[PDB]
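Heads up, the chain below is alone and in the form deposited in one PDB entry; it's given as structure tokens.
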């Protein structure tokens, strides 16, 4: 059976915590007053909620209200407890209140307002310096949550809200996030296709914080190369093929062999044999102003098949890539 794995950082942070901290099933929600909030416009509907701009009539401040869909009941206190544990952390969206919605008969999460410009629009615009700046800001959020014993598990451009006027960033949508417990097996049906780590794509359940660094790597490749998404598979199987076209099949085998994992035999007629490519292969006239030797080396160090070999958030913030960014 599979060889076990553990995180190389913050391995035991929840084992030394009081039970209250990670046992979200036992959490008692503190409900505020639903009358304080007035919905103004619908912003989006996801798998698991509907999201509104709203106004808080006790301070007239703009807020965001997320009304949960009545499904997968356990996710609900998990998300609340994670948001309460991380509140006040660098670049972590601030849960301001929780109220009972009388129409949906579910919890509605009330957050601080962020005035995001659209990722597709905003990616078209980032300068070299701005990619580095914003990458550092996200790393702050990820190191904070990882050091608090939590993995986000859905890092992607849609979940990283940016107010480009005020140069301010928030990591949102903690509904897939989980507590890291050494040796725990996790569901591999997390993150969105283009951002799933190789561990997910080969059905390896004993993963950790390092999943988020694979996703961050995919976001970085998409920005510096100006190709959205960078690994563009048709489904979860083709997703691994597209990765193996860049990383190579020999290092994929080395990975699965290390953890004594077998690929789904459905890979037998689709995977082929591929060499590992040099990252320069993806550079052209239209993206070259976004690329540098430091950018390519930092990317190379995030996008590893072996989750254990990837830079930690802390180590990524140390990287030469960020030397040009003002502290």
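Positions refer to the first chain, counted from 1. Just so we're on the same page, rigid core means the largest C-alpha set that superposes within 1.5 Å between forms.
Below: the form solved in complex with a partner chain, not depicted.
A.B. asks: Given the stretches 209-217, 249-257, 163-171, 176-184, which is the single one in contact with its partner chain in the deposited complex, using a heavy atom cutoff of 4.5 Å?
C.D. replies: Selected stretch: 176-184.
A.B. asks: Identify which of 113, 245, 140, 75 has a heavy atom within 4.5 Å of its partner chain in the deposited complex; exactly one of them does.
C.D. replies: Contact with its partner chain in the deposited complex is made by 75 alone.
A.B. asks: Just one of 266, 273, 289, 281 has a heavy atom within 4.5 Å of its partner chain in the deposited complex. Which one?
C.D. replies: Only one option qualifies, and that one is 266.
A.B. asks: Examine residue 191 and determine whether its closest non-hydrogen atom to its partner chain in the deposited complex is within 4.5 angstroms.
C.D. replies: Judged by the heavy-atom cut-off of 4.5 Å, residue 191 is in contact with its partner chain in the deposited complex.
A.B. asks: Could you confirm whether residue 156 comes within 4.5 Å of its partner chain in the deposited complex, counting heavy atoms only?
C.D. replies: Yes, contact at 4.5 Å.
A.B. asks: Give a yes or no for residue 196: in the deposited complex, does one of its heavy atoms lie within 4.5 Å of a heavy atom belonging to its partner chain?
C.D. replies: Residue 196: yes, in contact with its partner chain in the deposited complex.
A.B. asks: Is it the case that residue 205, even though its partner is missing from this view, gets within 4.5 Å of its partner chain in the deposited complex, heavy atoms only?
C.D. replies: So residue 205 counts as contacting its partner chain.
A.B. asks: Core aligned, which of 106, 147, 184, 94 has the Cα that shifts 2 angstroms or more between this form and the one not shown?
C.D. replies: Flagged residue: 106.
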